[PDB]
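K.L.:
Got a structure here, written out as structure tokens. Questions coming.
Positions of Cβ are backbone-derived with ideal geometry, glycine not excepted, and every protein chain shown enters the neighbour counts. Quick note: the coordinates plus some simple rules give every number you see, no bench work behind them.
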Amino acid sequence: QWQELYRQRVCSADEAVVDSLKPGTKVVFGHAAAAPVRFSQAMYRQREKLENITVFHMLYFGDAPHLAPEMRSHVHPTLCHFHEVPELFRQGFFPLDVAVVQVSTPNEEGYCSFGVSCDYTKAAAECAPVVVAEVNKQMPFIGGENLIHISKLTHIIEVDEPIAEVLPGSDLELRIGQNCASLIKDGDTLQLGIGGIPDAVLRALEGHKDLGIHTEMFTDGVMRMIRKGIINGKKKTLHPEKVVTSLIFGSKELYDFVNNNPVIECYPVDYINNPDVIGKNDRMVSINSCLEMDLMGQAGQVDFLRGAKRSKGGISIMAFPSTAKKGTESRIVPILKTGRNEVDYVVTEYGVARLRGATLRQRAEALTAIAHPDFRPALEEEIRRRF
């Protein structure tokens with residue numbers, strides 16, 4: 001019986017903060033919608049006892065108390081190929097002492113699931129001699145290499161509390177979506193973000209068949225298409241018939257859909273984002289969105305560039321809106337405020353630009369052609385002074 005262990009290791013958040021957080025300890029929190037805010041809440045209440053605690057993390061959803069100024073001298077936070085984060089632990093760059101994660105209720109064999117976060121959070125759990133897991137009756141159970149046994153948990157804080165939600169097209173954005181879809185083939189195993197552009201893209205793909213998934217994250221958009229019959233990874237040559245990521249967040253509907261669903265699986269990033277693994281998926285098409293680009297081709301985002309460039313028939317698209325601050329500012333510049341032999345296509349509301357196989361001069365102007373119209377003669381002017 002492992003429930004007799006379950007019983008022997010359960011405490012309150014506060015008792016777990018106090019016993020697990022020796023002066024000078026460093027701690028890592030699991031991330032995104034699996035962020036262990038109860039434990040953050042307990043570190044707040046118990047502040048007057050904590051001494052030199054360092055915390056490491058990335059996305060937190062709800063987690064107030066640590067950057068609360070009164071944490072000063074009690075706990076401070078520390079910090080771009082996403083797939084290498086896990087190596088910070090597995091190599092001692094960040095000598096984590098305690099990993100604080102939020103899992104789900106364990107199953108008939110005493111196995112809990114990381115739920116909506118595998119990413120760096122499971123590697124951390126594996127590299128910490130003390131693991132504090134909030135056991136959440138609301139955390140969904142999702143499979144793949146996403147499990148952790150009850151016996152690896154030092155302190156269990158049983159709770160019950162809804163998994164933070166983030167609800168996710170638009171005019172411009174939609175046209176962006178539409179142009180991407182001319183690059184995407186029935187049968188392609190995609191990678192996209194979360195946001196206007198991604199949800200646009202999936203809107204543009206409602207006339208596609210057999211698509212597959214292999215992203216570092218996904219939202220409600222994916223549910224929707226799995227739902228309509230379009231995402232099925234029947235053609236996937238890696239994890240055929242299932243949607244793989246490293247994390248998930250979105251609405252309560254997302255959470256209830258992914259709970260206990262065979263066709264969804266998590267894996268950590270030191271895998272999912274590995275260009276080598278990415279590569280094994282054919283027709284892999286990654287779609288990312290950078291914040292500015294130059295007349296030359298220069299801007300997890302990068303992991304997927306590289307890894308898209310290894311699958312047979314893969315490509316990589318950078319899609320973004322041709323301006324910023326209501327069209328005052330061009331996201332395409334001569335000179336930027338990660339060099340070119342990176343991306344194959346670039347898409348804006350004004351259309352497509354092919355980069356794989358282009359001269360310095362074509363890349364320049366094929367881009368200028370999809371820039372905002374105001375900016376095109378300033379831009380075209382620049383090419384001329386370069387030829």
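K.L.:
Take every DSSP beta bridge with both residues inside the chain and express the antiparallel ones as a percent of the total, to the nearest 5.
P.N.:
Values: 10 of 59 bridges.
Counting only bridges with both partners in the chain, antiparallel ones make up about 15 percent.
K.L.:
Charges at C-beta only: +1 for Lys and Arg, -1 for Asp and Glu. How large is the resulting dipole of the range 10-160 about its Cα centre, in Debye rounded to 20?
P.N.:
Values: 11 positive and 18 negative charges, 65 e Å.
I would put it at about 320 debye.
K.L.:
Let me ask another. Rounded to the nearest 5, what % of the DSSP beta bridges within the range 1-164 are antiparallel ones? Before the final figure, lay out the partial values.
P.N.:
Working: 3 of 27 bridges.
Here the share of antiparallel DSSP bridges comes out near 10 percent.
K.L.:
Report the Rg/Rh value for the range 99-230, based on alpha-carbon coordinates and the Kirkwood definition of Rh. Present the calculation step by step, with values, prior to reporting the outcome.
P.N.:
Numbers: Rg = 18.2 Å, Rh = 16.8 Å.
My calculation puts Rg/Rh at 1.09.
K.L.:
Another question about this same structure. List the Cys residues of the chain that have no partner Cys with a C-beta closer than 4.7 Å.
P.N.:
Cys11, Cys80, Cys112, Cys127, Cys180, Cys290
K.L.:
Based on a Kirkwood Rh over C-alpha pairs, give the Stokes-Einstein translational diffusion coefficient of the chain at 4 °C and viscosity 1.567 mPa s in µm²/s.
P.N.:
Working: Rh = 22.2 Å.
Value of D from the Cα-based Kirkwood radius: 58 µm²/s.
K.L.:
Return the sequence-ordered ³J(HN,Hα) values of the range 209-219 in whole Hz as given by the Karplus equation 6.51 cos²θ - 1.76 cosθ + 1.60 applied to θ = phi - 60°, using x for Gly and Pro.
P.N.:
Running phi through 6.51 cos²θ - 1.76 cosθ + 1.60 with θ = phi - 60° gives 10, 6, 7, x, 10, 8, 10, 6, 7, 8, 10 Hz.
K.L.:
How many nm separate the modelled label positions at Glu15 and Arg90, each set 7 Å beyond the Cα in the direction of the Cβ?
P.N.:
3.5
K.L.:
Output the antiparallel fraction of DSSP beta bridges having both residues in the range 268-387, as a percent to the nearest 5. Display every interim value, and only then the final one.
P.N.:
Values: 6 of 15 bridges.
Close to 40 percent.
K.L.:
For the residue pair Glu126 and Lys185, what label-to-label distance in nm results when each label sits 7 Å from Cα along the Cα-to-beta-carbon direction?
P.N.:
3.4
K.L.:
Report the Rg/Rh value for the range 1-84, based on alpha-carbon coordinates and the Kirkwood definition of Rh.
P.N.:
Values: Rg = 14.1 Å, Rh = 13.8 Å.
So for the range 1-84, dividing Rg by the Kirkwood Rh gives 1.02.
K.L.:
Once you have the Kirkwood Rh of the range 265-338 from its Cα pairs, apply Stokes-Einstein at 37 °C and 0.692 mPa s and quote D in µm²/s. It would help to have the intermediate numbers written out before the result.
P.N.:
Values: Rh = 13.6 Å.
Estimated via Stokes-Einstein, D reaches 241 µm²/s.
K.L.:
Rounded, prolate or oblate: which fits the range 268-387, taking a ≥ b ≥ c as square roots of the Cα gyration tensor eigenvalues, rounded meaning a/c under 1.5, else prolate when a/b beats b/c? Don't skip to the answer; put the middle values down first.
P.N.:
Details: a/c = 2.46, a/b = 1.89, b/c = 1.30.
Prolate shape, in that a/c is at least 1.5 and a/b is the bigger ratio.
K.L.:
Another question about this same structure. Could you derive backbone 3J(HN,Hα) for the range 65-70 from the dihedral phi with the Karplus parameters 6.51, -1.76 and 1.60 (θ = phi - 60°), listing whole Hz in sequence and x where the residue is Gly or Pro?
P.N.:
x, 8, 8, 5, x, 6
K.L.:
Using a Cα distance threshold of under 25 Å, what count of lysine pairs results for the range 1-164 when pairs must be 8 or more residues apart or interchain?
P.N.:
9
K.L.:
Once you charge only the Cβ atoms, +1 for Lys and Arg and -1 for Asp and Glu, what is the size of the charge dipole of the range 234-312 about its Cα centre, to the nearest 20 debye? Walk me through the intermediate numbers first.
P.N.:
On the way: 11 positive and 10 negative charges, 97 e Å.
Magnitude of the dipole: close to 460 debye.
K.L.:
Leaving out same-chain residues fewer than 8 places away, which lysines sit with a Cα under 26 Å from that of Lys337?
P.N.:
Within the straight-line limit of under 26 Å, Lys337 reaches these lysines: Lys325, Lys326.
K.L.:
Step through the residues of the range 188-196 one at a time and calculate ³J(HN,Hα) from phi using the Karplus curve (6.51 cos²θ - 1.76 cosθ + 1.60, θ = phi - 60°), rounding each to whole Hz and writing x for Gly and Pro.
P.N.:
9, 9, 7, 10, 10, x, 10, x, x
K.L.:
Also, I was wondering about something else. Kindly provide the helix-only [θ] at 222 nm of the chain, computed as the sum of -39,500 (n - 2.57) over DSSP H runs of four or more divided by all residues, to the nearest 500 deg cm²/dmol?
P.N.:
On the way: 14 runs with 109 residues, N = 387.
Per the formula, -7500 deg cm²/dmol.
K.L.:
Please work out the C-alpha center-to-center distance from the range 108-128 to the range 250-294 and express it in whole Å.
P.N.:
Result: 17 Å between the Cα centres.
K.L.:
While we're on this one: For the range 1-164, take N as its residue count and report Rg(C-alpha) divided by 2.2 N^0.38 Å.
P.N.:
On the way: Rg = 14.6 Å, N = 164, 2.2 N^0.38 = 15.3 Å.
The range 1-164 yields a ratio of 0.96.
K.L.:
Taking H as built 1.01 Å from N, whose amide H comes closer than 5 Å to the amide H of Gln102, not counting residues under 5 places away?
P.N.:
Residues meeting the amide H criterion: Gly30, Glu134.
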